[PDB]
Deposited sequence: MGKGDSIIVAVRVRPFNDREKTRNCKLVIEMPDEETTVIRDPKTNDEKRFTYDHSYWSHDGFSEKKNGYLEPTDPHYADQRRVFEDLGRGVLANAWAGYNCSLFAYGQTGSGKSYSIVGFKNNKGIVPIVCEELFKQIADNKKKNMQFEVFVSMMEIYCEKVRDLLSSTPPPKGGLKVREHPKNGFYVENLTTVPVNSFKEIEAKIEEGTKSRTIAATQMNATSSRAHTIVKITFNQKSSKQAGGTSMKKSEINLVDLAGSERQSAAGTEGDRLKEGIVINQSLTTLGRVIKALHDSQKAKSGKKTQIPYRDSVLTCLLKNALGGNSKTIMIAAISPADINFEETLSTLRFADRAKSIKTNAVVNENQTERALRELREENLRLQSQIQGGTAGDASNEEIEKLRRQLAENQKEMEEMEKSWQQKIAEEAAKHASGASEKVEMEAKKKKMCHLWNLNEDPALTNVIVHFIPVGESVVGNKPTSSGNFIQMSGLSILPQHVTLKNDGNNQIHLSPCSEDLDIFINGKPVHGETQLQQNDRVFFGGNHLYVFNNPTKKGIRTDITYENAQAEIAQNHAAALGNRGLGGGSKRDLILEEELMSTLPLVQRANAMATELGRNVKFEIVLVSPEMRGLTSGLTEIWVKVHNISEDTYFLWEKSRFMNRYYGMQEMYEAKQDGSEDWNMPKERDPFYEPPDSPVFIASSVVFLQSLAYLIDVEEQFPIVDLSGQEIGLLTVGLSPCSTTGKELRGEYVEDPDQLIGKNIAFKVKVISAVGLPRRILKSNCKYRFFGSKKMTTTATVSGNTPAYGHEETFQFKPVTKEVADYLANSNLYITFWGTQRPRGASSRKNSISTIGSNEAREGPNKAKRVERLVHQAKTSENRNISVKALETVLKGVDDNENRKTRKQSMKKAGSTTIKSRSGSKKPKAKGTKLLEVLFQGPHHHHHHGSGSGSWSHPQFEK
């Protein structure tokens, strides 16, 4: 009784196609997946229960559904008929099931699980078929109960997506029922009678998820989302008194499966994924002395302990991208699904007599009551005598629900408000409104802010006054912007500060600006919206987060080709969130994207480097991070921001642990120098000054370097006259470079050295470190060449040495 692993390949999206990406994934049969290395053509061949090819051979119908043209395209209905049929059979049989999707952010976890628009995924049609199969097949005298729950797991904190109650500190409690396993205490479980009910419930759950993602940066790529459906079949008038069969389905959308500082990256964010990699590994290595599987090292592996080798039927969807750039991550995915493929689970039917279940629950209630008796009269650990009362209250609620009829349950739950959504969708046709625009496509156009017909103010102030639109969360000020609506005919947006970075259509805004139909407004952090006036023109709702960020990156690059644009599309939003998090967490640090062009490196064609300039205003220190280092320490920043939002006592943390601080004696790339080697091409011995430029491109100093030819012996060659540098070809000539001295270095620098790599040496030459701001490096190194090659001659005659400066600013 083993797991069911299935991999699925999404098609090329609209930005990978213009990027000219080669397909690196092939599926021969409906079982095998072949990943071929782009630069090596080496193939790795994996086998699974299903290899879903959703890349070729489909056609978008007028309804939007992607129907397969050839018999190889895995449409939504095929993935359903293979896995949702299985989860429905498990639910009807009495086995509790668990389907989870692993994969990279963008590979298609959310598409496979939930779906997107008219291509519905596992959850919707599984719910629909469950309710239909209830209403159709099962006769005799039986009752059927369907309960839905929905939780998010973020930084090891469990948050109830179906509860408007403000969340506790540290998230909801996770306790281990001794017979049933790990569970979430005080998790909302509503009874649903029709498919519309569970649809609206999951809808408001995704609404809460969207609010968390946009206001507190609870990013979907860094969080897990679980939908828990309990299906109960109650049978009466049997040989025994009465019985109930029970199934618990867990549909899990996992987080994205995607140095100088250990503790300043993520530890709590990736934890549930990290140990998920461990557990699987630990479960695969078991194949001859016992090992230990670390379920308790994270919340996810706790809540999926039965799914990962216990009492459950487990299904896995590994979504992979068919592109060159992701070849590594894809492979990792394919390897993860390969390791989990060897997982045997022991699922049993959950039938229990109603009277004996009630009696067991009551005896546990009595055990807890006696525990609190021993509390008040004995040890009375005020920490423990609250945990015990929590458990007693949960048992009490369970007993109260057992006695209750399902009709009374649905009546009580319907007694507790849905007209808010009806009238919201209604007044969206009459009132001007900004709708959400989120990096997770499954959360775009979910929340909405309505613009009153007067002059209102957007800000992070909990209302309590007139003419106020409340935006709460990251980057939003108590008085952010001012909106002026003229009878839903002419709306003007004006920022309340000159130091407030807000954008419209990507172009920055400095004064009163009139909004127009389908404008793309950005307030800060994650507050990216699209304006809609329902009275004028023709509205639009098919605007993706990728379009707005694309135009923002276009305008930013024009201020300061598609490879660079698509990379700013990944870096810029993170830099916005980094600045907002820094200024909110008390860290007086400012991040700004500095890009190094090929021309700045002495090249003609080439990739443009992206750096994140880091200014620590306190201590007044400057740094410069590679984009990757910024990504890792941004993971750290996001973790710290969540720690603050939870109200923890350990968010403001020491220097060695917070991701915003960088020690001052840390070296930083400060200056650039382009030394043209033409002097070597003509075998002349000269030493001149070359401009030193900071990363703004501004020339700030002069670097005297020495250029001279010398024989392979080491002596000064022989005095010929080179008129064309090809005369050097075939001769044994060496060239020494003498980084003599520099002037004009920044006054803040106290130690510096130079770095370069001569032609074909694969040994990064780095000079000694010198004190003053006018340092005498005194470096020298000859570069031998057995035949001076036409490539080397062209190098000397037309290219240049790219010397970079690395310095420190404060003491040691």
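No alpha-carbon coordinates exist for the deposited sequence positions 1-4, 263-269, 299-302, 432-434, 579-589, 842-960, given here in order along the chain.
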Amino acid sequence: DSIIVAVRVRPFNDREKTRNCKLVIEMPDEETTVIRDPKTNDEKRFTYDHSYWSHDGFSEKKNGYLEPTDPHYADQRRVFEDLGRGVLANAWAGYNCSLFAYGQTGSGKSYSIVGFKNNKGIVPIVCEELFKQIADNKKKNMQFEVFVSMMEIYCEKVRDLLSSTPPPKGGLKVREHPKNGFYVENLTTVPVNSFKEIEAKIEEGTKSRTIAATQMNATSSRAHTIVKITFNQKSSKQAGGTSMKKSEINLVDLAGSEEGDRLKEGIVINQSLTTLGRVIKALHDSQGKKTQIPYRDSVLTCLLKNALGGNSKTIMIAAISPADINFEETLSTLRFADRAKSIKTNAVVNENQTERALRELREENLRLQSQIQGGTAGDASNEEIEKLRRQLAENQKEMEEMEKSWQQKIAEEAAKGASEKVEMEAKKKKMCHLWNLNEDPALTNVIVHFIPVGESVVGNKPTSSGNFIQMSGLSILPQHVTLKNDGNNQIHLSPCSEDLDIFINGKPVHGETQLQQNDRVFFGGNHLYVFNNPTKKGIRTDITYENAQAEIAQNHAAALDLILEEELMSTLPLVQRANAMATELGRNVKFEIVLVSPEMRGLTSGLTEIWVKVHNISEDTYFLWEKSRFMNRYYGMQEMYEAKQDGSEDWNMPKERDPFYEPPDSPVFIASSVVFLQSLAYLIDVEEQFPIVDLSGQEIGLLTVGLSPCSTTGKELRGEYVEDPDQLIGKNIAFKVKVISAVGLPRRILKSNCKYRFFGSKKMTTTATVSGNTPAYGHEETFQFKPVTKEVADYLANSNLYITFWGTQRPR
From here on, numbers count along this sequence of modelled residues.
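Looking at mean Cα B-factors across 531-539 and 131-139, the upper value is held by 131-139. 114-122 and 731-739 differ in mean CA B-factor, and the higher of the two is recorded for 114-122. Within the listed group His50, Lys755, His55, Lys62, the record reports its top CA B-factor for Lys62. Across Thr242, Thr621, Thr345, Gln645, the greatest Cα temperature factor reported in the deposited entry is at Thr242.
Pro787: CA B factor in the middle third of modelled residues in this chain (values from the PDB entry). Sorting the modelled residues of the chain by their CA temperature factor places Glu420 in the highest third.
For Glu781, the recorded CA B-factor ranks within the middle third of the chain. Only modelled residues enter the ranking. When the CA B factors of the chain's modelled residues are split into thirds, the value for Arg78 lands in the middle one. Among all modelled residues in its chain, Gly108 ranks in the lowest third by Cα B-factor.
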